[PDB]
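Just so we're on the same page: letters track the sequence lines, and every chain starts at 1. Order of listing sets the numbers, starting from 1, for every ligand and every atom in it.
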Amino acid sequence: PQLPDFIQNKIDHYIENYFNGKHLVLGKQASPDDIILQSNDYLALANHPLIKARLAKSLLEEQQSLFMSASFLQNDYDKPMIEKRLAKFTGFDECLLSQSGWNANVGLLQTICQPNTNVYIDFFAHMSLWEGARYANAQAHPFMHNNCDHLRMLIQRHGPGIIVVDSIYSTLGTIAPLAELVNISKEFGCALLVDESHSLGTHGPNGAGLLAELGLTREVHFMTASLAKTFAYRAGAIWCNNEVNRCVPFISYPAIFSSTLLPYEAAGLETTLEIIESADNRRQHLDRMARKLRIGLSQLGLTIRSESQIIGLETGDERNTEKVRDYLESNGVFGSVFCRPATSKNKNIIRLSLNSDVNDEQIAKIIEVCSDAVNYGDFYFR
Amino acid sequence: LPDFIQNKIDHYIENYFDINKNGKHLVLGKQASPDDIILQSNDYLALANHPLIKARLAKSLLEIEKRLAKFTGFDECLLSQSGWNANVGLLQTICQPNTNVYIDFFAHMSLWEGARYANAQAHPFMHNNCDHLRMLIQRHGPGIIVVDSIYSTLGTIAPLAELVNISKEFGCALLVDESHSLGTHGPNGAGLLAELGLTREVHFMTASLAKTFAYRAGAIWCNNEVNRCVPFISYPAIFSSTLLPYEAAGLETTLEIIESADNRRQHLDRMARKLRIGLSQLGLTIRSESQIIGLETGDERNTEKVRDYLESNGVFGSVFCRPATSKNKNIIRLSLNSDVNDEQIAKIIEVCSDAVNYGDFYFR
Ligand SMILES: Cc1ncc(COP(=O)(O)O)c(C=O)c1O
Ligand SMILES: Cc1ncc(COP(=O)(O)O)c(C=O)c1O
């Protein structure tokens with residue numbers, strides 16, 4: 001057929017302005033011996049034999065034609081035991097499964113927001129959190145990253161609202177000042193929403209997360225997480241210390257108008273949970289390696305804001321980012337490009353995601369290859 | 001928690017749970033038995049528990065875009081985590097804040113939300129009403145016409161050939177959501193566009209893969225270059241994790257089974273017609289022309305009584321109420337699948353006959 005001008009032109013303009021000939025996030029194919037640091041599989045559970053075996057197992061013997069929205073399966077007898085188990089693991093009263101972390105955030109915010117509702121959101125909070133509030137026509141008030149003072153001032157000005165943060169930030173790998181945020185939430189009669197996508201499983205007792213580690217669990221209204229990180233699965237979940245998960249399934253558009261996880265998917269998650277709560281060994285190893293890399297990189301003078309297994313190289317503009325990218329990939333390092341719309345146009349990041357399979361030798365190489373880039377150079381860092 | 005949330009939640013529980021006789025949301029009925037008649041699943045060719053498909057999935061989990069594009073006749077196919085995501089991402093890619101989107105009143109909520117997320121200018125046209133559409137485009141300019149090939153609640157069929165002509169006449173792009181026709185309709189299940197010989201004049205087609213394909217995913221088909229751009233523009237495509245590679249393998253087997261399921265299609269097509277005719281002659285309005293039959297039950301209170309009646313007598317039954325429908329135009333949807341029996345069909349007709357009427361409630 002023939003696309004209307006009002007589309008062809010958008011396509012043409014985009015291709016010319018965004019597409020080395022490929023989109024910035026696409027570099028060169030990597031070799032087996034290269035060090036790949038792109039997966040959110042922090043405990044390297046992707047290929048765990050017990051998980052795969054249990055998925056395969058339940059996947060046999062279905063009824064189980066439950067192709068319909070989860071809203072129709074909110075009777076007790078239809079709700080997966082993995083919800084109760086995730087709730088107990090985490091310390092929250094209730095858990096609700098979602099089709100993704102994105103959906104968990106959009107759905108939860110739709111359930112708890114009115115168009116008038118004040119939403120105080122960290123400037124670096126995940127896009128799903130920005131979008132959920134926007135979809136709800138909430139009044140978003142962003143505060144400077146991890147800046148509690150600014151937050152305080154904002155709430156002073158606009159009144160009670162929902163405070164929304166990532167526990168660990170997906171781009172920069174920094175950690176929210178969660179204890180202070182709980183105090184502020186109490187000081188002003190707000191509700192707190194913490195996205196633990198990058199801390200659930202890697203942090204806390206048995207990996208119960210950062211809120212459990214700091215003993216804040218009972219003090220927080222809501223917690224969300226993609227289960228597609230440490231849990232290594234395409235789903236999400238909403239935890240509530242209240243009765244909000246009773247309503248979400250009937251209010252959230254993604255919960256209502258998109259199909260639910262199949263029963264066998266939940267069964268896998270149960271086994272994943274068990275493996276995760278026993279994985280003290282990989283947690284420790286991952287914590288230690290990330291610190292080594294952090295320290296390694298902070299010497300050298302690089303801006304390394306991280307306090308976690310996520311490390312962001314701040315590489316300025318797209319041109320300069322391409323250059324860094326090519327340089328790291330030319331050596332053994334990959335390497336995930338964060339650019340618009342995820343970042344501001346000239347504040348791009350090449351994220352290094354560590355996992356518990358990375359070893360001492362590999363860190364060293366990464367530091368060395370970064371030391372070379374600084375400043376065998378050819379490009380800059382912010 | 002804080003009043004501004006507590007107040008909202010209390011009101012909601014009061015006006016959506018407490019008012020029903022079981023104290024539950026309206027969609028929540030009684031527990032089915034074997035062998036009550038269950039008509040809720042969207043798995044139209046009853047593939048959910050197919051031996052081969054399960055085998056292929058497990059196999060690949062231990063240890064397709066091209067095929068789907070060829071299957072359907074479109075130039076390109078791009079996979080998505082859901083039909084919802086497919087629609088939302090497609091709309092986000094081709095829309096600008098300015099764009100006219102001409103959308104059938106009953107088109108799936110994902111298309112509505114997709115246009116809205118993109119800040120498009122939505123122009124609702126009355127269900128399957130081409131005159132209304134003609135007027136709106138004359139008034140507002142070129143834009144994207146968006147329809148369900150088969151509508152999710154009513155089971156009506158879009159007037160596709162006439163929409164193709166309208167789009168050509170008025171310089172519009174056309175988006176067809178084939179979620180409820182892909183696999184059940186057309187040559188080897190290629191769908192309604194294919195059945196009608198219209199594939200080559202539609203710009204875009206989308207589909208949940210969670211109906212006939214019995215899988216949690218979606219796809220976007222393009223007769224142009226858009227699928228090259230969707231992956232770097234759509235928020236669901238950017239900020240939400242992808243399908244794992246073994247998931248795609250399952251779809252390949254599924255596709256093969258669907259391609260060969262001429263038998264199941266035919267039986268389903270026949271059962272649906274038998275039901276449509278049986279229910280119509282009772283004087284219920286039955287707009288459907290497919291395996292989706294909408295019992296029109298008016299208001300929530302009446303709907304509750306209708307569904308309690310049906311379930312009490314072995315028929316289930318998916319309630320569609322706000323926000324899926326108007327407050328006063330609820331539907332109890334019967335979704336047929338290829339496993340459904342003649343005897344079961346007669347049984348449904350019988351139960352609705354007694355229903356129309358034991359008194360107690362009405363149908364529209
Ligand atoms: C017409 C239509 N499009 C899209 C969807 C959503 O598809 P999915 O459940 O894969 O998100 C549905 C919902 O059932 C639908 O009926
Ligand atoms: C903090 C945070 N929340 C939510 C998400 C979305 O998770 P999902 O891919 O399961 O939709 C992500 C990124 O994927 C994230 O980094």
Side-chain angles (χ1 to χ4, degrees), chain A residues 40 67-72 98-106 122 124-132 164-173 176 193-200 224-229 231-237 253-260 310 338 342 351 353, chain B residues 41-42 80-88 90 104 106-114 146-155 158 175-182 206-211 213-219 235-243 292 318 320 324 333 335:
Chain A
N40 300 109
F67 292 85
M68 62 209 280
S69 94
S71 71
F72 293 119
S98 181
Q99 311 96 323
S100 61
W102 180 279
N103 287 5
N105 283 339
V106 159
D122 194 278
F124 295 127
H126 192 256
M127 185 67 74
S128 57
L129 289 158
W130 282 87
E131 287 290 274
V164 178
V165 303
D166 289 14
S167 64
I168 297 172
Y169 284 85
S170 55
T171 285
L172 286 185
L193 182 191
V194 177
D195 183 333
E196 288 226 36
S197 293
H198 302 277
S199 55
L200 215 210
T224 64
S226 169
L227 261 11
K229 315 299 184 187
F231 282 76
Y233 203 71
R234 189 170 58 96
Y253 280 7
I256 285 160
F257 298 104
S258 192
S259 75
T260 192
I310 295 174
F338 281 79
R351 179 177 74 183
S353 309
Chain B
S41 193
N42 289 241
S80 179
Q81 306 92 333
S82 67
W84 174 285
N85 282 9
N87 283 345
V88 154
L90 180 51
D104 187 290
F106 289 95
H108 191 255
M109 183 66 73
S110 56
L111 297 158
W112 283 88
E113 292 296 275
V146 181
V147 294
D148 288 4
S149 64
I150 299 189
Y151 287 82
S152 60
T153 68
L154 295 177
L175 188 175
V176 180
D177 183 335
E178 279 221 48
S179 288
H180 297 285
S181 43
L182 195 209
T206 65
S208 172
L209 258 20
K211 319 316 195 183
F213 277 77
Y215 202 75
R216 191 168 61 97
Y235 282 8
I238 290 166
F239 304 102
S240 205
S241 82
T242 183
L243 269 264
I292 288 169
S318 295
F320 282 76
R333 178 181 77 178
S335 292

Under 4.0 Å from one or more heavy atoms of B:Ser240, ligand 2 contributes atoms 8 (P), 9 (O), 11 (O)
Atoms of ligand 1 close to B:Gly83 [distance to a heavy atom under 4.0 angstrom, numbered from 1] = 7 (O), 8 (P), 10 (O), 11 (O)
Residues B:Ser240 and A:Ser100: closest non-hydrogen pair is OG-CB, 3.6 Å
Near A:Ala235, which atoms of ligand 2 are under 4.0 Å from a heavy atom of that residue?
-> 10 (O)
In ligand 2, which numbered atoms sit nearer than 4.0 Å to a non-hydrogen atom of A:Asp166?
-> 1 (C)
Considering all heavy atoms of both residues, which atom of B:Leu243 and which atom of B:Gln81 are nearest to each other, and what is their separation?
-> CD2-CA, 3.5 Å
the protein heavy atom lying closest to atom 13 (C) of ligand 1 turns out to be B:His108 NE2, 3.0 Å
What protein heavy atom sits nearest atom 3 (N) of ligand 2, and how far away is it?
-> A:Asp195 OD2, 2.6 Å
Heavy-atom closest pair, residues A:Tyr169 and A:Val165 = OH-CB, 3.5 Å
Minimum-distance pair of heavy atoms, taken over all atoms of A:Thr260 and B:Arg216 = O-CD, 3.6 Å
Judged by atom type as modelled, is there a donor-acceptor pair below 3.5 Å linking the side chain of B:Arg333 to the main-chain atoms of B:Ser152?
-> yes
Could you walk me through whether A:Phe72 and B:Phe320 pass the ring-ring contact (aromatic ring centres under 6.0 Å, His included) check?
-> CA-CA 10 Å; A:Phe72 293 119; B:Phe320 282 76; 5.8 Å; yes
Between A:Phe257 and ligand 1, which residue portion shows a heavy-atom distance shorter than 4.0 Å: side chain, backbone, both, or neither?
-> backbone
Applying a strict 4.0 Å limit to heavy atoms, is A:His198 in contact with ligand 2?
-> yes
Closest approach of any protein heavy atom to atom 7 (O) of ligand 2, naming residue and atom | A:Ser226 CB, 3.1 Å
Less than 4.5 Å apart, any side-chain heavy atom of A:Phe231 and any of A:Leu200?
-> yes
What are the atoms of ligand 1, with element, lying closer than 4.0 Å to any heavy atom of B:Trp84?
-> 6 (C), 7 (O), 8 (P), 11 (O)
If you count the atoms of ligand 1 from 1 in the order shown, which ones are under 4.0 Å from a heavy atom of B:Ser82?
-> 10 (O), 11 (O)
Atom indices of ligand 2, in the order listed, that fall short of 4.0 Å to a heavy atom of A:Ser170 = 16 (O)
Please report the shortest heavy-atom distance between A:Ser69 and A:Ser71, naming the atom on each side.
-> OG-OG, 2.6 Å
Are any of the side-chain heavy atoms of B:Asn87 and B:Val146 separated by less than 4.5 Å?
-> no
Using distance alone, decide if ligand 2 has a nitrogen or oxygen within less than 3.5 Å of any nitrogen or oxygen in A:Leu227.
-> no
heavy-atom search around atom 9 (O) of ligand 2 in the protein gives B:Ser241 N, 2.7 Å
B:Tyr235 and B:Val88, any side-chain heavy atoms less than 4.5 Å apart | no
Taking only non-hydrogen atoms of B:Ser179 and a 4.0 Å limit, the atoms of ligand 1 in range are 1 (C), 2 (C), 3 (N), 4 (C)
Consider ligand 1: state whether an atom of it lies below 4.0 angstrom from any non-hydrogen atom of B:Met109.
-> no
Would you mind checking which non-hydrogen protein atom is closest to atom 14 (O) of ligand 1, with the distance to 0.1 Å?
-> B:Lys211 NZ, 2.6 Å
Of all heavy-atom pairs between B:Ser110 and B:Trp84, which one has the smallest distance, and what is that distance?
-> CB-CE3, 3.5 Å
